[PDB]
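Okay, here we've got a single chain as structure tokens, the form deposited in one PDB entry, with questions on binding and movement later.
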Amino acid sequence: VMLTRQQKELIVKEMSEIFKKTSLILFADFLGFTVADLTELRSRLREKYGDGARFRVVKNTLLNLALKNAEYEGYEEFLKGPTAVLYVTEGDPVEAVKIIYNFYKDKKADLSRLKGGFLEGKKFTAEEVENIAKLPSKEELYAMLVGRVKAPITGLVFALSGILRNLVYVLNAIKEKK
């Protein structure tokens, strides 16, 4: 059966409004996966996001109009063939990328089936999915920040003391030869 023009408009409007508030939109090829798999992926997502994340297979035409109206650009390359969409409306989005990345891995699926998307308003490619998926926890990040911020000072001491080490290194070298 055909959908009324009004029914279609409502679906497009709803989707468009959702994409206007999401912090992540990732496009995935979910062909071949079973309902059991869908159920498991959704469960892994919910355990971490509750209702803040969704994973739904959505017809390309619908996705296109919704993205178009939400004012997105350069997404057409992500809608070639049946495509499912993973989006986050509440909570930090990084963990959802990790979840679906590790799910495809557990299922032994081609990781290129994770086509790319938009993260916090920034477009990312398929190859970049791995980058996001492997990001360390926020806590680990905060920890690393301190040493990164101290680098200049750390580098100064290392450079000055390195002048003395060069003498030691070359003397050892001369001893090495013999």
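One rule holds for the numbers: they count along the sequence shown, beginning at 1.
S.K.: If you average the CA temperature factors as listed in the entry, which stretch comes out higher, 105-113 or 37-45?
M.R.: According to the entry, 105-113 carries the higher average C-alpha B-factor.
S.K.: Mind checking which third residue 152 falls in for C-alpha B-factor across the chain?
M.R.: CA B-factor rank for residue 152: lowest third.
S.K.: Ordered by C-alpha B-factor within the chain, which third holds residue 84? Give me lowest, middle or highest, please.
M.R.: It falls in the middle third of the chain.
S.K.: If you rank the chain by CA B-factor, which third does residue 68 end up in: lowest, middle or highest?
M.R.: Middle third.
S.K.: Could you place residue 129 in the lowest, middle or highest third of its chain by Cα temperature factor, using the values in the record?
M.R.: According to the entry, residue 129 has a C-alpha B-factor in the chain's middle third.
S.K.: Sort the modelled residues of this chain by their C-alpha B factor and say whether residue 32 lands in the lowest, middle or highest third.
M.R.: Its C-alpha B-factor belongs to the middle third of this chain's values.
What follows is about the form deposited in another entry, which we do not show.
S.K.: Take 40, 73, 83, 144 and report the one at the hinge of the rigid-body rearrangement between the shown form and the other one.
M.R.: Selected hinge residue from the list: 144.
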